[PDB]
>>> print(open('upload.cif').read())   # mmCIF, C-alpha atoms; chains and numbers go by the auth columns
data_structure
#
loop_
_atom_site.group_PDB
_atom_site.id
_atom_site.type_symbol
_atom_site.label_atom_id
_atom_site.label_comp_id
_atom_site.label_asym_id
_atom_site.label_seq_id
_atom_site.Cartn_x
_atom_site.Cartn_y
_atom_site.Cartn_z
_atom_site.B_iso_or_equiv
_atom_site.auth_seq_id
_atom_site.auth_asym_id
ATOM 1 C CA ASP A 1 38.380 -54.255 -25.343 0.00 118 P
ATOM 2 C CA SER A 2 41.054 -55.482 -27.774 0.00 119 P
ATOM 3 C CA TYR A 3 39.438 -53.293 -30.446 0.00 120 P
ATOM 4 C CA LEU A 4 39.774 -50.259 -28.163 0.00 121 P
ATOM 5 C CA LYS A 5 43.519 -50.752 -27.605 0.00 122 P
ATOM 6 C CA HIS A 6 44.150 -50.808 -31.369 0.00 123 P
ATOM 7 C CA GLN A 7 42.148 -47.587 -31.836 0.00 124 P
ATOM 8 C CA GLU A 8 43.971 -45.928 -28.923 0.00 125 P
ATOM 9 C CA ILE A 9 47.400 -46.764 -30.381 0.00 126 P
ATOM 10 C CA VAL A 10 46.561 -45.042 -33.684 0.00 127 P
ATOM 11 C CA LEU A 11 45.932 -41.757 -31.851 0.00 128 P
ATOM 12 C CA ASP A 12 49.336 -41.916 -30.134 0.00 129 P
ATOM 13 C CA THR A 13 51.115 -42.345 -33.474 0.00 130 P
ATOM 14 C CA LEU A 14 49.348 -39.235 -34.808 0.00 131 P
ATOM 15 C CA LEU A 15 50.661 -37.400 -31.742 0.00 132 P
ATOM 16 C CA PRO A 16 54.278 -38.346 -32.654 0.00 133 P
ATOM 17 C CA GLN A 17 53.817 -37.385 -36.322 0.00 134 P
ATOM 18 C CA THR A 18 52.569 -33.899 -35.420 0.00 135 P
ATOM 19 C CA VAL A 19 55.275 -33.547 -32.740 0.00 136 P
ATOM 20 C CA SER A 20 58.016 -34.484 -35.227 0.00 137 P
ATOM 21 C CA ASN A 21 56.754 -31.990 -37.816 0.00 138 P
ATOM 22 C CA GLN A 22 56.302 -29.059 -35.402 0.00 139 P
ATOM 23 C CA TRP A 23 59.867 -29.583 -34.162 0.00 140 P
ATOM 24 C CA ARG A 24 61.081 -29.524 -37.782 0.00 141 P
ATOM 25 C CA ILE A 25 59.358 -26.191 -38.489 0.00 142 P
ATOM 26 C CA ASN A 26 60.979 -24.773 -35.348 0.00 143 P
ATOM 27 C CA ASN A 27 64.355 -26.271 -36.319 0.00 144 P
ATOM 28 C CA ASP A 28 64.306 -24.520 -39.705 0.00 145 P
ATOM 29 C CA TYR A 29 63.310 -21.246 -38.017 0.00 146 P
ATOM 30 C CA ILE A 30 66.122 -21.440 -35.443 0.00 147 P
ATOM 31 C CA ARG A 31 68.857 -21.507 -38.096 0.00 148 P
ATOM 32 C CA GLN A 32 67.314 -18.488 -39.847 0.00 149 P
ATOM 33 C CA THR A 33 67.171 -16.470 -36.609 0.00 150 P
ATOM 34 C CA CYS A 34 70.858 -17.041 -35.816 0.00 151 P
ATOM 35 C CA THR A 35 71.867 -15.925 -39.318 0.00 152 P
ATOM 36 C CA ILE A 36 69.577 -12.885 -39.029 0.00 153 P
ATOM 37 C CA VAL A 37 71.325 -12.171 -35.709 0.00 154 P
ATOM 38 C CA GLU A 38 74.815 -11.914 -37.216 0.00 155 P
ATOM 39 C CA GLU A 39 73.636 -9.763 -40.131 0.00 156 P
ATOM 40 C CA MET A 40 71.992 -7.348 -37.686 0.00 157 P
ATOM 41 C CA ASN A 41 75.003 -7.409 -35.337 0.00 158 P
ATOM 42 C CA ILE A 42 77.465 -6.687 -38.164 0.00 159 P
ATOM 43 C CA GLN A 43 75.171 -3.877 -39.341 0.00 160 P
ATOM 44 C CA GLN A 44 75.176 -2.365 -35.844 0.00 161 P
ATOM 45 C CA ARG A 45 78.972 -2.624 -35.547 0.00 162 P
ATOM 46 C CA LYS A 46 79.474 -0.889 -38.911 0.00 163 P
ATOM 47 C CA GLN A 47 77.037 1.850 -37.853 0.00 164 P
ATOM 48 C CA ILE A 48 78.838 2.505 -34.550 0.00 165 P
ATOM 49 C CA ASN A 49 82.097 2.795 -36.498 0.00 166 P
ATOM 50 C CA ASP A 50 80.601 5.392 -38.861 0.00 167 P
ATOM 51 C CA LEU A 51 79.106 7.513 -36.059 0.00 168 P
ATOM 52 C CA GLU A 52 82.457 7.628 -34.261 0.00 169 P
ATOM 53 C CA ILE A 53 84.487 8.273 -37.438 0.00 170 P
ATOM 54 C CA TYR A 54 82.324 11.181 -38.661 0.00 171 P
ATOM 55 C CA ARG A 55 82.820 13.056 -35.385 0.00 172 P
ATOM 56 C CA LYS A 56 86.563 12.302 -35.495 0.00 173 P
ATOM 57 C CA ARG A 57 86.985 13.675 -39.030 0.00 174 P
ATOM 58 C CA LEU A 58 85.052 16.859 -38.200 0.00 175 P
ATOM 59 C CA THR B 1 5.657 -65.331 -9.570 0.00 493 M
ATOM 60 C CA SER B 2 7.540 -64.129 -12.664 0.00 494 M
ATOM 61 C CA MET B 3 9.011 -61.101 -10.857 0.00 495 M
ATOM 62 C CA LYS B 4 10.148 -63.535 -8.161 0.00 496 M
ATOM 63 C CA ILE B 5 11.642 -66.054 -10.601 0.00 497 M
ATOM 64 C CA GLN B 6 13.047 -63.894 -13.407 0.00 498 M
ATOM 65 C CA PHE B 7 14.463 -61.012 -11.345 0.00 499 M
ATOM 66 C CA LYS B 8 16.234 -63.391 -8.961 0.00 500 M
ATOM 67 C CA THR B 9 17.559 -65.054 -12.111 0.00 501 M
ATOM 68 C CA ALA B 10 18.368 -61.559 -13.411 0.00 502 M
ATOM 69 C CA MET B 11 20.196 -60.504 -10.214 0.00 503 M
ATOM 70 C CA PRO B 12 22.184 -63.767 -10.341 0.00 504 M
ATOM 71 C CA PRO B 13 23.071 -63.245 -14.011 0.00 505 M
ATOM 72 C CA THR B 14 23.885 -59.574 -13.399 0.00 506 M
ATOM 73 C CA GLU B 15 26.089 -60.065 -10.324 0.00 507 M
ATOM 74 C CA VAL B 16 27.903 -62.988 -11.948 0.00 508 M
ATOM 75 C CA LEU B 17 28.395 -60.673 -14.923 0.00 509 M
ATOM 76 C CA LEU B 18 29.205 -57.592 -12.813 0.00 510 M
ATOM 77 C CA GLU B 19 31.916 -59.520 -10.967 0.00 511 M
ATOM 78 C CA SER B 20 33.419 -60.135 -14.427 0.00 512 M
ATOM 79 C CA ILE B 21 32.208 -57.199 -16.574 0.00 513 M
ATOM 80 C CA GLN B 22 32.601 -54.228 -14.210 0.00 514 M
ATOM 81 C CA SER B 23 36.287 -55.117 -13.945 0.00 515 M
ATOM 82 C CA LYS B 24 36.515 -55.020 -17.751 0.00 516 M
ATOM 83 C CA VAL B 25 34.119 -52.064 -17.914 0.00 517 M
ATOM 84 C CA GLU B 26 36.788 -50.142 -16.001 0.00 518 M
ATOM 85 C CA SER B 27 39.264 -51.613 -18.482 0.00 519 M
ATOM 86 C CA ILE B 28 36.947 -50.301 -21.208 0.00 520 M
ATOM 87 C CA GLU B 29 35.880 -46.933 -19.777 0.00 521 M
ATOM 88 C CA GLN B 30 39.325 -45.809 -18.585 0.00 522 M
ATOM 89 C CA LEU B 31 40.709 -46.664 -22.021 0.00 523 M
ATOM 90 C CA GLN B 32 37.821 -44.638 -23.461 0.00 524 M
ATOM 91 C CA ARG B 33 39.110 -41.775 -21.302 0.00 525 M
ATOM 92 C CA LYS B 34 42.545 -42.154 -22.898 0.00 526 M
ATOM 93 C CA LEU B 35 40.933 -41.422 -26.277 0.00 527 M
ATOM 94 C CA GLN B 36 39.468 -38.096 -25.118 0.00 528 M
ATOM 95 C CA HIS B 37 42.927 -36.924 -24.015 0.00 529 M
ATOM 96 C CA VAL B 38 44.703 -38.278 -27.098 0.00 530 M
ATOM 97 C CA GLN B 39 42.188 -36.357 -29.219 0.00 531 M
ATOM 98 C CA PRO B 40 42.641 -33.159 -27.166 0.00 532 M
ATOM 99 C CA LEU B 41 46.430 -33.377 -27.472 0.00 533 M
ATOM 100 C CA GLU B 42 46.077 -34.036 -31.215 0.00 534 M
ATOM 101 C CA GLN B 43 44.155 -30.825 -31.936 0.00 535 M
ATOM 102 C CA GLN B 44 46.526 -28.459 -30.111 0.00 536 M
ATOM 103 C CA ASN B 45 49.495 -30.144 -31.814 0.00 537 M
ATOM 104 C CA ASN B 46 47.859 -29.890 -35.250 0.00 538 M
ATOM 105 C CA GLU B 47 47.079 -26.249 -34.460 0.00 539 M
ATOM 106 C CA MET B 48 50.726 -25.667 -33.502 0.00 540 M
ATOM 107 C CA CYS B 49 51.928 -27.594 -36.572 0.00 541 M
#
>>> encode(input="upload.cif", output="structure tokens")
Amino acid sequence: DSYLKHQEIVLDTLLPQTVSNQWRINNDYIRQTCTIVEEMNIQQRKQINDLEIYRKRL
Amino acid sequence: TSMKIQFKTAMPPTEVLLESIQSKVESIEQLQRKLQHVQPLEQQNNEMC
């Protein structure tokens, strides 16, 4: 029974190692998405300026 | 005569064991059941990793 508790503890440590790494892959992705948000939002704001300006000039 | 002597000696050695072993069989088998859930959580985490 003491042998089984040592084996069972090794599985739980592998669960934390995978959990720590999958959070890290998500954490790197979250910073990229926020930066891709502002680049798309600035692109949309510049586009809405150009559509309004071209009608105003004509 | 042997089935009288040995099996009554067997039932005494079993029930004296089963008062002690079936408590620690449940300590063994329920900890075996923790392994089959720690393995199933390991595969879906390694798949998501």
>>> residues_around(input="upload.cif", residues="residue 537 (chain M)", least_positions_apart="2", cutoff="12 Å", atoms="all atoms listed in the file", output="list in words")
residues 129, 131, 132, 133, 134, 135, 136, 137, 138, 139 and 140 of chain P; 530, 531, 532, 533, 534, 535, 539, 540 and 541 of chain M
>>> atom_distance(input="upload.cif", atom1="CA of residue 512 (chain M)", atom2="CA of residue 496 (chain M)")
24.3 Å
>>> atom_distance(input="upload.cif", atom1="CA of residue 524 (chain M)", atom2="CA of residue 538 (chain M)")
21.4 Å
>>> atom_distance(input="upload.cif", atom1="CA of residue 154 (chain P)", atom2="CA of residue 173 (chain P)")
28.8 Å
>>> closest_residue(input="upload.cif", among="M:536, M:495, M:527, M:521", to="chain P", atoms="only C-alpha atoms")
M:527
>>> closest_atom_pairs(input="upload.cif", of="chain P", to="region 513-517 of chain M", cutoff="12 Å", atoms="all atoms listed in the file", output="JSON lines")
{"residue": "P:118", "atom": "CA", "partner": "M:516", "partner_atom": "CA", "distance": 7.9}
{"residue": "P:119", "atom": "CA", "partner": "M:516", "partner_atom": "CA", "distance": 11.0}
{"residue": "P:121", "atom": "CA", "partner": "M:517", "partner_atom": "CA", "distance": 11.8}
>>> axis_aligned_box(input="upload.cif", around="region 152-167 of chain P", padding_each_side="4 Å", output="JSON")
{"center_x": 75.8, "center_y": -5.3, "center_z": -37.3, "size_x": 20.5, "size_y": 29.3, "size_z": 13.6}
>>> decode(input="upload.cif", residues="region 495-532 of chain M", atoms="N, CA, C and O atoms", output="PDB file, in the first residue's frame")
ATOM      1  N   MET M 495     -11.460 -31.889   4.698  1.00  0.00           N
ATOM      2  CA  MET M 495     -12.359 -30.777   4.391  1.00  0.00           C
ATOM      3  C   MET M 495     -13.025 -30.217   5.644  1.00  0.00           C
ATOM      4  O   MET M 495     -13.445 -29.055   5.654  1.00  0.00           O
ATOM      5  N   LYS M 496     -13.158 -31.026   6.695  1.00  0.00           N
ATOM      6  CA  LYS M 496     -13.594 -30.494   7.980  1.00  0.00           C
ATOM      7  C   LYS M 496     -12.478 -29.699   8.649  1.00  0.00           C
ATOM      8  O   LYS M 496     -12.709 -28.598   9.161  1.00  0.00           O
ATOM      9  N   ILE M 497     -11.260 -30.245   8.662  1.00  0.00           N
ATOM     10  CA  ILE M 497     -10.177 -29.645   9.438  1.00  0.00           C
ATOM     11  C   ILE M 497      -9.580 -28.444   8.712  1.00  0.00           C
ATOM     12  O   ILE M 497      -9.396 -27.374   9.305  1.00  0.00           O
ATOM     13  N   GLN M 498      -9.257 -28.602   7.424  1.00  0.00           N
ATOM     14  CA  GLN M 498      -8.510 -27.560   6.721  1.00  0.00           C
ATOM     15  C   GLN M 498      -9.388 -26.363   6.378  1.00  0.00           C
ATOM     16  O   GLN M 498      -8.944 -25.215   6.497  1.00  0.00           O
ATOM     17  N   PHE M 499     -10.632 -26.602   5.951  1.00  0.00           N
ATOM     18  CA  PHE M 499     -11.507 -25.499   5.569  1.00  0.00           C
ATOM     19  C   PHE M 499     -12.010 -24.704   6.766  1.00  0.00           C
ATOM     20  O   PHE M 499     -12.241 -23.497   6.633  1.00  0.00           O
ATOM     21  N   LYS M 500     -12.178 -25.342   7.927  1.00  0.00           N
ATOM     22  CA  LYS M 500     -12.435 -24.578   9.143  1.00  0.00           C
ATOM     23  C   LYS M 500     -11.194 -23.806   9.563  1.00  0.00           C
ATOM     24  O   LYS M 500     -11.297 -22.700  10.102  1.00  0.00           O
ATOM     25  N   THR M 501     -10.008 -24.377   9.326  1.00  0.00           N
ATOM     26  CA  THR M 501      -8.776 -23.618   9.507  1.00  0.00           C
ATOM     27  C   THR M 501      -8.609 -22.564   8.423  1.00  0.00           C
ATOM     28  O   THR M 501      -7.979 -21.530   8.665  1.00  0.00           O
ATOM     29  N   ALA M 502      -9.154 -22.807   7.226  1.00  0.00           N
ATOM     30  CA  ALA M 502      -9.094 -21.806   6.165  1.00  0.00           C
ATOM     31  C   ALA M 502     -10.023 -20.636   6.460  1.00  0.00           C
ATOM     32  O   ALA M 502      -9.628 -19.474   6.326  1.00  0.00           O
ATOM     33  N   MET M 503     -11.267 -20.927   6.865  1.00  0.00           N
ATOM     34  CA  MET M 503     -12.262 -19.912   7.191  1.00  0.00           C
ATOM     35  C   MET M 503     -11.843 -19.108   8.416  1.00  0.00           C
ATOM     36  O   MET M 503     -12.200 -17.929   8.532  1.00  0.00           O
ATOM     37  N   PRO M 504     -11.094 -19.696   9.345  1.00  0.00           N
ATOM     38  CA  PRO M 504     -10.540 -18.909  10.452  1.00  0.00           C
ATOM     39  C   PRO M 504      -9.396 -18.036   9.970  1.00  0.00           C
ATOM     40  O   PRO M 504      -9.300 -16.863  10.356  1.00  0.00           O
ATOM     41  N   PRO M 505      -8.510 -18.573   9.125  1.00  0.00           N
ATOM     42  CA  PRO M 505      -7.420 -17.735   8.603  1.00  0.00           C
ATOM     43  C   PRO M 505      -7.887 -16.708   7.595  1.00  0.00           C
ATOM     44  O   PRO M 505      -7.226 -15.676   7.445  1.00  0.00           O
ATOM     45  N   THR M 506      -8.990 -16.962   6.887  1.00  0.00           N
ATOM     46  CA  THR M 506      -9.523 -15.962   5.967  1.00  0.00           C
ATOM     47  C   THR M 506     -10.201 -14.825   6.722  1.00  0.00           C
ATOM     48  O   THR M 506      -9.927 -13.650   6.460  1.00  0.00           O
ATOM     49  N   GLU M 507     -11.100 -15.159   7.655  1.00  0.00           N
ATOM     50  CA  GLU M 507     -11.866 -14.133   8.358  1.00  0.00           C
ATOM     51  C   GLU M 507     -11.002 -13.326   9.320  1.00  0.00           C
ATOM     52  O   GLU M 507     -11.307 -12.158   9.587  1.00  0.00           O
ATOM     53  N   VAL M 508      -9.934 -13.919   9.852  1.00  0.00           N
ATOM     54  CA  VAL M 508      -8.972 -13.128  10.612  1.00  0.00           C
ATOM     55  C   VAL M 508      -8.164 -12.245   9.672  1.00  0.00           C
ATOM     56  O   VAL M 508      -7.743 -11.141  10.041  1.00  0.00           O
ATOM     57  N   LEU M 509      -7.928 -12.716   8.446  1.00  0.00           N
ATOM     58  CA  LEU M 509      -7.298 -11.868   7.441  1.00  0.00           C
ATOM     59  C   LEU M 509      -8.278 -10.828   6.915  1.00  0.00           C
ATOM     60  O   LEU M 509      -7.936  -9.649   6.810  1.00  0.00           O
ATOM     61  N   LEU M 510      -9.510 -11.244   6.592  1.00  0.00           N
ATOM     62  CA  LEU M 510     -10.478 -10.335   5.977  1.00  0.00           C
ATOM     63  C   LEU M 510     -10.938  -9.237   6.931  1.00  0.00           C
ATOM     64  O   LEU M 510     -11.396  -8.181   6.482  1.00  0.00           O
ATOM     65  N   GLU M 511     -10.847  -9.463   8.244  1.00  0.00           N
ATOM     66  CA  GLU M 511     -11.047  -8.360   9.179  1.00  0.00           C
ATOM     67  C   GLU M 511      -9.907  -7.350   9.102  1.00  0.00           C
ATOM     68  O   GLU M 511     -10.089  -6.178   9.450  1.00  0.00           O
ATOM     69  N   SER M 512      -8.724  -7.792   8.671  1.00  0.00           N
ATOM     70  CA  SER M 512      -7.560  -6.923   8.560  1.00  0.00           C
ATOM     71  C   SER M 512      -7.227  -6.532   7.121  1.00  0.00           C
ATOM     72  O   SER M 512      -6.720  -5.426   6.897  1.00  0.00           O
ATOM     73  N   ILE M 513      -7.506  -7.393   6.137  1.00  0.00           N
ATOM     74  CA  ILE M 513      -7.043  -7.163   4.769  1.00  0.00           C
ATOM     75  C   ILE M 513      -8.097  -6.420   3.961  1.00  0.00           C
ATOM     76  O   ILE M 513      -7.757  -5.551   3.154  1.00  0.00           O
ATOM     77  N   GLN M 514      -9.382  -6.733   4.174  1.00  0.00           N
ATOM     78  CA  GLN M 514     -10.435  -6.073   3.401  1.00  0.00           C
ATOM     79  C   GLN M 514     -10.582  -4.602   3.775  1.00  0.00           C
ATOM     80  O   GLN M 514     -11.112  -3.814   2.982  1.00  0.00           O
ATOM     81  N   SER M 515     -10.131  -4.214   4.969  1.00  0.00           N
ATOM     82  CA  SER M 515      -9.970  -2.798   5.273  1.00  0.00           C
ATOM     83  C   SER M 515      -8.855  -2.187   4.430  1.00  0.00           C
ATOM     84  O   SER M 515      -9.025  -1.112   3.842  1.00  0.00           O
ATOM     85  N   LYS M 516      -7.706  -2.865   4.351  1.00  0.00           N
ATOM     86  CA  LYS M 516      -6.596  -2.368   3.548  1.00  0.00           C
ATOM     87  C   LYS M 516      -6.677  -2.793   2.086  1.00  0.00           C
ATOM     88  O   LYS M 516      -5.851  -2.345   1.286  1.00  0.00           O
ATOM     89  N   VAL M 517      -7.632  -3.653   1.721  1.00  0.00           N
ATOM     90  CA  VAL M 517      -7.959  -3.835   0.308  1.00  0.00           C
ATOM     91  C   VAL M 517      -8.693  -2.609  -0.212  1.00  0.00           C
ATOM     92  O   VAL M 517      -8.438  -2.137  -1.326  1.00  0.00           O
ATOM     93  N   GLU M 518      -9.634  -2.089   0.584  1.00  0.00           N
ATOM     94  CA  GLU M 518     -10.294  -0.832   0.247  1.00  0.00           C
ATOM     95  C   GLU M 518      -9.321   0.337   0.271  1.00  0.00           C
ATOM     96  O   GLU M 518      -9.482   1.290  -0.499  1.00  0.00           O
ATOM     97  N   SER M 519      -8.315   0.292   1.149  1.00  0.00           N
ATOM     98  CA  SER M 519      -7.221   1.253   1.058  1.00  0.00           C
ATOM     99  C   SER M 519      -6.417   1.048  -0.220  1.00  0.00           C
ATOM    100  O   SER M 519      -5.896   2.009  -0.796  1.00  0.00           O
ATOM    101  N   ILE M 520      -6.305  -0.200  -0.679  1.00  0.00           N
ATOM    102  CA  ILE M 520      -5.562  -0.473  -1.906  1.00  0.00           C
ATOM    103  C   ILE M 520      -6.404  -0.174  -3.139  1.00  0.00           C
ATOM    104  O   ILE M 520      -5.957   0.534  -4.044  1.00  0.00           O
ATOM    105  N   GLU M 521      -7.640  -0.683  -3.188  1.00  0.00           N
ATOM    106  CA  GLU M 521      -8.419  -0.627  -4.424  1.00  0.00           C
ATOM    107  C   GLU M 521      -8.943   0.775  -4.718  1.00  0.00           C
ATOM    108  O   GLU M 521      -9.046   1.160  -5.888  1.00  0.00           O
ATOM    109  N   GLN M 522      -9.277   1.554  -3.685  1.00  0.00           N
ATOM    110  CA  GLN M 522      -9.692   2.933  -3.919  1.00  0.00           C
ATOM    111  C   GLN M 522      -8.519   3.826  -4.296  1.00  0.00           C
ATOM    112  O   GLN M 522      -8.716   4.823  -4.998  1.00  0.00           O
ATOM    113  N   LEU M 523      -7.307   3.496  -3.847  1.00  0.00           N
ATOM    114  CA  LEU M 523      -6.130   4.188  -4.355  1.00  0.00           C
ATOM    115  C   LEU M 523      -5.736   3.696  -5.743  1.00  0.00           C
ATOM    116  O   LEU M 523      -5.067   4.427  -6.482  1.00  0.00           O
ATOM    117  N   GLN M 524      -6.119   2.469  -6.113  1.00  0.00           N
ATOM    118  CA  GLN M 524      -5.982   2.052  -7.506  1.00  0.00           C
ATOM    119  C   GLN M 524      -6.930   2.837  -8.401  1.00  0.00           C
ATOM    120  O   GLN M 524      -6.607   3.125  -9.560  1.00  0.00           O
ATOM    121  N   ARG M 525      -8.108   3.186  -7.879  1.00  0.00           N
ATOM    122  CA  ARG M 525      -9.069   3.981  -8.632  1.00  0.00           C
ATOM    123  C   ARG M 525      -8.627   5.429  -8.787  1.00  0.00           C
ATOM    124  O   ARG M 525      -9.098   6.113  -9.699  1.00  0.00           O
ATOM    125  N   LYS M 526      -7.746   5.914  -7.911  1.00  0.00           N
ATOM    126  CA  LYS M 526      -7.190   7.247  -8.095  1.00  0.00           C
ATOM    127  C   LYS M 526      -6.209   7.272  -9.262  1.00  0.00           C
ATOM    128  O   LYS M 526      -6.054   8.307  -9.923  1.00  0.00           O
ATOM    129  N   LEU M 527      -5.569   6.136  -9.552  1.00  0.00           N
ATOM    130  CA  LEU M 527      -4.631   6.068 -10.668  1.00  0.00           C
ATOM    131  C   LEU M 527      -5.350   6.130 -12.010  1.00  0.00           C
ATOM    132  O   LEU M 527      -4.831   6.716 -12.968  1.00  0.00           O
ATOM    133  N   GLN M 528      -6.545   5.536 -12.106  1.00  0.00           N
ATOM    134  CA  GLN M 528      -7.260   5.533 -13.379  1.00  0.00           C
ATOM    135  C   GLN M 528      -7.913   6.874 -13.687  1.00  0.00           C
ATOM    136  O   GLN M 528      -8.300   7.110 -14.836  1.00  0.00           O
ATOM    137  N   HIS M 529      -8.054   7.753 -12.695  1.00  0.00           N
ATOM    138  CA  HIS M 529      -8.474   9.125 -12.951  1.00  0.00           C
ATOM    139  C   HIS M 529      -7.305  10.078 -13.119  1.00  0.00           C
ATOM    140  O   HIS M 529      -7.438  11.088 -13.817  1.00  0.00           O
ATOM    141  N   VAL M 530      -6.164   9.783 -12.490  1.00  0.00           N
ATOM    142  CA  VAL M 530      -4.974  10.600 -12.698  1.00  0.00           C
ATOM    143  C   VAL M 530      -4.377  10.335 -14.071  1.00  0.00           C
ATOM    144  O   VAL M 530      -3.712  11.204 -14.645  1.00  0.00           O
ATOM    145  N   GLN M 531      -4.594   9.143 -14.618  1.00  0.00           N
ATOM    146  CA  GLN M 531      -4.141   8.825 -15.964  1.00  0.00           C
ATOM    147  C   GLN M 531      -5.090   9.469 -16.966  1.00  0.00           C
ATOM    148  O   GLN M 531      -4.643  10.019 -17.983  1.00  0.00           O
ATOM    149  N   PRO M 532      -6.402   9.433 -16.706  1.00  0.00           N
ATOM    150  CA  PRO M 532      -7.351  10.051 -17.648  1.00  0.00           C
ATOM    151  C   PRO M 532      -7.276  11.568 -17.670  1.00  0.00           C
ATOM    152  O   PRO M 532      -7.572  12.176 -18.706  1.00  0.00           O
TER     153      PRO M 532
END
